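Protein chains in written order, with the authors' numbering: chain A, 2 to 206; chain C, 3 to 206; chain F, 3 to 206; chain B, 2 to 206; chain D, 3 to 206; chain E, 2 to 206. Think of the CB as a built atom: it goes at the ideal place given N, C-alpha and C, for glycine as much as any other residue. Working notes for the structure below.
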Amino acid sequence: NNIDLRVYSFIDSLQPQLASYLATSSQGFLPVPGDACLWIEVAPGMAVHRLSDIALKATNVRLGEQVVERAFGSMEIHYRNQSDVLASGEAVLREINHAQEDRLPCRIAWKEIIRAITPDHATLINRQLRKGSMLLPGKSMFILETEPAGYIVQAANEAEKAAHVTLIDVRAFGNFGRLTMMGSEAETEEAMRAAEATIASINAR
Amino acid sequence: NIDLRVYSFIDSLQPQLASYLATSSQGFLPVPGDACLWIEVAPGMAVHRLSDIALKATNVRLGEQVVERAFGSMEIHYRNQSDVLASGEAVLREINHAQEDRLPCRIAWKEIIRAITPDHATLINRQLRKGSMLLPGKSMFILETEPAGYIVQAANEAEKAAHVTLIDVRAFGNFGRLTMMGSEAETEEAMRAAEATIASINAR
Amino acid sequence: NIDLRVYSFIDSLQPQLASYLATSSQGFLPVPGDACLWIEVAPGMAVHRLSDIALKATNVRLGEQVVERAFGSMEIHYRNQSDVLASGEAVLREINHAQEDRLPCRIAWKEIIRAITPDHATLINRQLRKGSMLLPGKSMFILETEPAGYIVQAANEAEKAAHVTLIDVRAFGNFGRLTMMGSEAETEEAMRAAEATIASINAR
Amino acid sequence: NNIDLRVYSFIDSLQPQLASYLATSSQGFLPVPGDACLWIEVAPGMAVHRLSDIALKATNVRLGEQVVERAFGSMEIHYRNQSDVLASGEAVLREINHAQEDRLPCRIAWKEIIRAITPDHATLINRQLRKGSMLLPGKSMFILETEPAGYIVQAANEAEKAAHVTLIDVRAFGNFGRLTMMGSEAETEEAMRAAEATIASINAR
Amino acid sequence: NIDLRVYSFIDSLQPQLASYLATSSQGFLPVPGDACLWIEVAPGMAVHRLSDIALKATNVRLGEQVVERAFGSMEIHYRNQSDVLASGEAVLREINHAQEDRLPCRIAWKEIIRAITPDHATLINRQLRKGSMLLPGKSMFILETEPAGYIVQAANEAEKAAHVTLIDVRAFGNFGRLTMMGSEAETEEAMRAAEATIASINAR
Amino acid sequence: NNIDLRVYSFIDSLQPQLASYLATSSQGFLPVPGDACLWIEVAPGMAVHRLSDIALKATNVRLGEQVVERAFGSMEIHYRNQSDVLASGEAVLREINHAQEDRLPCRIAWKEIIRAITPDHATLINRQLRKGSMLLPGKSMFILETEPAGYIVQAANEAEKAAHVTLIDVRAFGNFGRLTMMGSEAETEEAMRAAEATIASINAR
């Protein structure tokens with residue numbers, strides 16, 4: 002029709018903490034470490050229904066997320082094998098007549114390491130809809146925020162793959178994605194460069 | 003002072019619709035047959051004095067009351083039509099608007115999706131679904147309106163004119179959204195009733 | 003050193019049951035036609051080791067795992083009857099018990115209430131049902147068994163046999179609960195099937 | 002950075018009902034009657050992470066609230082000793098290079114008393130996200146809405162202090178702060194007078 | 003074969019009680035001045051039927067309906083005393099019990115705690131409190147009854163007799179619990195009224 | 002005043018992850034790492050009200066948990082310095098007239114390390130009332146069940162002291178206490194060794 006591709010973001014193999022987080026937090030069918038994964042945001046939001054039905058029928062792919070927000074909607078599919086995910090992705094692009102590149106770039110609205118987290122700051126992040134692991138006092142904190150939000154998952158994945166960090170929280174919905182990780186001062190800075198390179202990769206497309 | 007955005011009067015509520023309202027409302031629970039009046043005004047803080055007025059006028063019961071970012075919704079209902087309409091005219095008289103000064107009802111989505119898969123059916127059933135269970139194999143009617151509250155009258159008629167099942171009605175925020183299930187033939191007919199109901203709202 | 007409370011096998015999940023566990027389970031989700039298996043052992047904490055044993059033996063998925071006070075519940079499921087049966091036999095070998103060492107399924111309530119009041123339907127819908135809404139004027143069948151886990155299989159053969167609407171299944175704790183809706187002829191036929199399944203089970 | 006000061010609201014002594022409301026609706030460390038309190042809203046909202054770390058390391062103050070919204074974010078510190086609270090306050094002000102007066106003015110969105118509340122009106126307010134006390138039918142109802150949201154906590158403290166009213170609810174996030182208090186006609190009238198007197202003092206900055 | 007566990011008749015609801023019930027009840031909601039009736043029966047599941055009869059009898063609404071593992075609780079209420087008394091008499095004739103057949107109300111706890119510390123008020127406030135806020139420095143009446151259904155009538159009389167504030171009345175389970183705030187004098191009056199009400203109840 | 006003493010467990014310094022878990026799910030004042038901690042279960046469980054008033058009113062101690070159940074009640078107090086916690090203990094103990102050894106023995110109802118946790122099994126543990134860190138597939142899992150429940154907190158404390166494990170969960174209320182810890186095959190057996198150790202002492206009363 003007139004569907005704007007806003008996020009197309011593809012992870013070929015989910016890192017273990019990231020998949021575990023999606024499994025625990027997800028309202029749909031659950032992924033496990035190693036599953037390929039496709040995140041998509043389109044506008045208008047309601048178009049997520051037709052596209053999800055198209056994606057689910059083409060392959061053996063399973064639906065992980067589906068949400069209709071005000072201006073846009075989000076869907077995520079995932080399968081043990083890369084093939085089905087990209088095969089369903091093509092279907093979605095061919096139906097909306099968009100190339101992947103027609104996607105929106107990924108603004109970095111906040112990127113920061115915070116060293117020596119107080120126990121009060123940690124307690125606060127840990128009580129507020131925290132579905133991942135416990136942020137612990139004294140450790141360092143990578144925090145990142147993007148616009149659009151869907152990209153935070155892939156950023157989060159490359160962070161974990163590149164650095165011995167612990168995943169605290171991935172908020173992938175709404176207008177702004179947000180990723181919180183914990184680790185030593187040195188681990189978290191590795192996590193940050195990678196995620197910045199991953200973001201660098203997307204923008205060039 | 004006050005602007006009237008939604009004014010949607012339902013003279014008698016279909017059983018599923020009323021049952022769903024009763025199952026999700028945090029007010030006084032409607033039953034099938036109840037008359038029912040949806041009103042959204044702006045600023046949102048006004049529904050307080052406005053609900054006070056409607057409630058003090060008649061024997062009518064308050065079903066909903068939400069004050070949102072830019073506007074608020076209020077919902078009254080009673081087994082006697084005249085009580086609901088009487089409260090309605092009283093609310094209009096306070097804000098000094100005619101039932102016609104409401105915003106038109108724009109359609110932001112109308113679609114049927116045939117042969118729903120299990121996965122797609124479950125995601126819907128698992129997230130904010132307080133109605134009945136969407137089942138794989140059936141066709142899905144989905145309807146989105148701006149402003150939201152009109153979706154209730156559209157949901158009500160579509161249950162009258164067609165043999166469909168209520169999955170979900172979300173009547174708050176900027177966008178109303180509706181999900182009904184059934185045979186391709188049923189859900190197409192449920193779409194026409196909603197298309198018609200909206201058209202009559204547009205005539206104001 | 004473990005006692006085998008519930009063993010219950012379902013070769014092919016009825017659609018509405020699969021959609022209900024899919025919408026209410028905190029594990030991996032089933033689709034219609036899936037094969038399913040329900041286990042309750044005592045001590046309760048035995049379910050972890052057994053879920054490890056069963057998950058490793060095949061491609062089967064884990065739909066529920068709950069350690070309760072007296073005992074512990076677990077539910078595996080797969081698209082093929084073979085992986086479900088293969089994993090259940092492994093769990094039997096490990097606890098050193100045959101399938102018929104399970105406890106009998108005691109019916110502790112069975113009743114059909116025709117012409118459900120709207121108030122009565124409204125209360126049942128509000129109190130945490132994840133299924134379909136109980137509509138007023140229709141007939142209700144409620145059943146309750148001890149132990150709970152069998153209720154899922156009774157819910158399954160009841161949908162197999164009768165054109166009812168599932169409303170609520172509760173498979174954890176001491177007593178299981180089934181809630182169905184339909185016409186009198188529909189609800190009567192389901193209660194008959196459900197009764198028949200439980201007699202089947204009690205033959206071991 | 003280019004951090005923006007939106008709300009700087011200092012309370013010297015927390016009123017009992019208000020302290021008790023915050024101890025019940027907040028997800029941090031909890032306040033008691035008499036604690037000094039400071040509420041800061043800054044833009045962009047991810048900045049509240051560094052600013053909070055700065056505050057907990059400067060003094061012994063504790064963290065009550067920490068919330069990141071899309072365009073802005075909000076924090077709240079408190080300690081028995083007002084010293085520590087204003088000290089931690091100045092440390093935040095130095096990092097953002099903003100004086101207290103640089104804060105946004107408090108505009109009144111809504112300001113109403115409604116007499117003789119019906120039982121149905123009362124119930125819906127009691128049933129939706131109210132964490133203060135029950136609103137009873139017959140009594141009068143004072144409702145105040147302010148923009149930005151953070152100053153509603155200072156109006157709520159001054160209202161409770163000046164008049165014998167009951168706190169029903171204070172919502173201090175989003176764009177608009179909303180406050181619900183119950184009393185007689187006279188009690189809510191005094192409370193409403195105290196509210197606007199505090200908003201005007203603030204707006205002298 | 004139904005055992006009358008509780009039968010507690012409230013002629014008229016005090017506003018904090020009525021307000022509390024309306025904010026925490028999952029069913030239809032009361033207002034100050036309604037009559038109101040609590041019933042516990044065994045077995046639990048018998049409450050559906052007994053709700054069914056009570057609603058048919060008069061114009062009474064259904065306030066609460068909860069099926070515990072061993073017993074079940076229902077709550078009907080109406081603006082007028084006539085309809086509650088009549089609808090309850092019908093419940094009694096069905097189960098073939100007089101009101102006297104109800105279980106004596108025992109007091110498992112009755113205590114005032116004066117000058118409540120902040121951390122104590124805060125823990126009570128945050129954990130399942132739907133009444134008004136408990137503030138520090140004040141006195142706290144707590145009462146625990148067995149059976150639980152009576153704590154509601156003890157909460158009515160206590161509020162009626164003292165100038166106290168209602169914090170919580172949890173009326174399900176085996177144990178009733180009441181929490182109320184006030185000066186140490188008002189809480190001692192609220193407790194003595196409660197004590198007397200139970201005495202009057204077991205006088206029959 | 003006829004009060005049974007069911008659990009009396011003193012924790013001299015809360016290990017970091019355990020303090021952080023209590024903090025995420027505590028509904029009183031939150032403990033920070035390093036705090037001392039005293040868990041008490043008494044029957045009739047309505048008695049924890051006075052016993053918390055006594056304990057609070059005697060020292061700087063803070064109330065972290067308090068619950069009334071059918072057969073008993075549980076309270077927990079905690080503070081920066083151990084002197085206050087222990088003193089409040091004696092105030093409590095003398096108020097109910099029992100000594101520290103009048104506590105029930107702590108029977109170990111289940112103890113197991115399960116190696117190579119599958120993703121499915123890890124996911125379902127993560128989805129159900131999990132408020133610690135993510136259990137991750139392939140790692141080993143320590144599980145512990147005690148009766149009464151309050152001791153699982155010292156067992157969890159000690160098992161974090163002696164071992165380099167991760168805390169996933171600790172259900173410290175009801176009849177039975179349940180504890181889920183993660184690590185390699187070496188870290189979980191050490192933790193379990195600490196766990197058996199600490200209970201052995203508790204059983205000497």
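Residue closest to residue 2 of chain B, alpha-carbon to alpha-carbon, out of B/117, B/39, B/99 and B/53: Distance check between residue 2 of chain B and each of B/117, B/39, B/99 and B/53 places B/99 closest, using alpha-carbon atoms only.
Under the three-state reduction of DSSP, which class applies to residue 193 of chain B: helix, strand or coil? helix
Closer than 9 Å to chain C by CB, residue 124 of chain F: yes
Name the residue from D/18, D/103, D/28 and D/112 whose alpha carbon lies nearest to the alpha carbon of residue 42 of chain D. D/103
So residue 80 of chain B packs on residue 68 of chain B, CB below 8 Å; how close in whole Å? Residue 80 of chain B to residue 68 of chain B, Cβ: 20 Å. No contact.
Inspect the beta-carbon positions of residue 75 of chain B and residue 35 of chain B and report whether they are closer than 9 Å. no
Is the distance from the Cβ of residue 186 of chain E to the Cβ of residue 116 of chain E below 9 Å? yes
Identify the contact partners of residue 25 of chain B in chain D, using a Cβ-Cβ distance below 7 Å as the criterion. 124, 127, 128 and 135
Identify each residue in the stretch 22-46 of chain F for which the Cβ-Cβ distance to at least one residue of chain C is less than 7 Å, and report them in chain order. 22, 24, 25, 31, 33 and 34
Is residue 96 of chain A close to chain C, meaning its C-beta is less than 9 Å from at least one C-beta of that chain? No, because no Cβ of chain C sits closer than 9 Å to the Cβ of residue 96 of chain A.
Boundaries (first-last residue) of the beta strand (DSSP E) holding residue 113 of chain C: Unbroken beta strand (DSSP E) run through residue 113 of chain C: 108-115.
Under 6 Å Cβ to Cβ from residue 52 of chain A, same chain only, skipping five residues before and after it: list those, please. Result list for residue 52 of chain A: 93, in chain order.
Taking Cβ positions, are residue 119 of chain E and residue 58 of chain F nearer each other than 9 Å? In this structure, residue 58 of chain F lies closer than 9 Å to residue 119 of chain E by Cβ.
Taking the alpha carbon of residue 129 of chain F as the reference point, which residue from D/26, D/21 and D/12 has its own alpha carbon closest? D/26
Could you give the DSSP three-state label for residue 65 of chain C: helix, strand or coil? It is a strand residue.
When we look at the beta-carbon of residue 139 of chain A and count the other beta-carbons within 10 Å, is it buried (16 or more) or exposed? With fewer than 16 other Cβ atoms from the protein chains shown falling within 10 Å of its own Cβ, residue 139 of chain A counts as exposed.
Does DSSP put residue 71 of chain D in a helix, a strand or coil? Correct three-state label for residue 71 of chain D: coil.
CB-CB under 6 Å to residue 136 of chain A, same chain, minus the five flanking residues each way: which ones, in chain order? 123, 126, 127, 169 and 183
Any C-beta of chain D sitting closer than 9 Å to the C-beta of residue 64 of chain B? Chain D contact via Cβ: absent.
Does any C-beta atom of chain C lie closer than 9 Å to the C-beta of residue 99 of chain A? Chain C, which has no Cβ nearer than 9 Å to the Cβ of residue 99 of chain A, makes this no.
Would you mind working out which of B/108, B/141 and B/164 sits nearest residue 179 of chain B, comparing C-alpha positions? B/108
Start and end of the alpha helix (DSSP H) containing residue 94 of chain B? 83-97
Along the beta strand (DSSP E) that carries residue 10 of chain E, what are the first and last residues, could you check? 5-12
Within 9 Å of any Cβ in chain E, is that where the Cβ of residue 199 of chain A sits? no
Helix, strand or coil: which one does DSSP assign to residue 142 of chain E? strand
Determine the chain D residues that contact residue 58 of chain E at a beta-carbon separation under 9 Å, and present them in chain order. 117 and 119
Taking 6 Å as the limit between beta carbons, can you name the residues of its chain near residue 60 of chain E, skipping five residues before and five after? 85, 88 and 89
By alpha-carbon positions, which one of E/18, E/16, E/64 and E/167 ends up nearest to residue 190 of chain E? E/167
With the cut-off set at 9 Å, would you say residue 157 of chain E and residue 66 of chain E are in Cβ contact? no
Given this structure, state the Cα-to-Cα distance separating residue 150 of chain B from residue 50 of chain B, to the nearest angstrom. Looking at the two C-alpha atoms, the distance is approximately 19 Å.
Quick one: what's got a C-beta closer than 6 Å to residue 101 of chain A's C-beta in the same chain, skipping five residues either side? 9
Residues sharing a beta bridge with residue 170 of chain C, DSSP: C/181
7 Å Cβ shell around residue 17 of chain C - same chain, five flanking residues per side excluded: 34
My guess is that residue 44 of chain B and residue 11 of chain B are in contact by the Cβ rule of under 8 Å, so how many angstroms apart are they, rounded? Contact doesn't hold; Cβ gap of about 19 Å is too wide.
Contact check, residue 110 of chain E vs residue 82 of chain E under 8 Å by CB: the rounded distance? Contact doesn't hold; Cβ gap of about 34 Å is too wide.
What are the partner residues of residue 147 of chain B, as DSSP defines its beta bridges? B/109 and B/178
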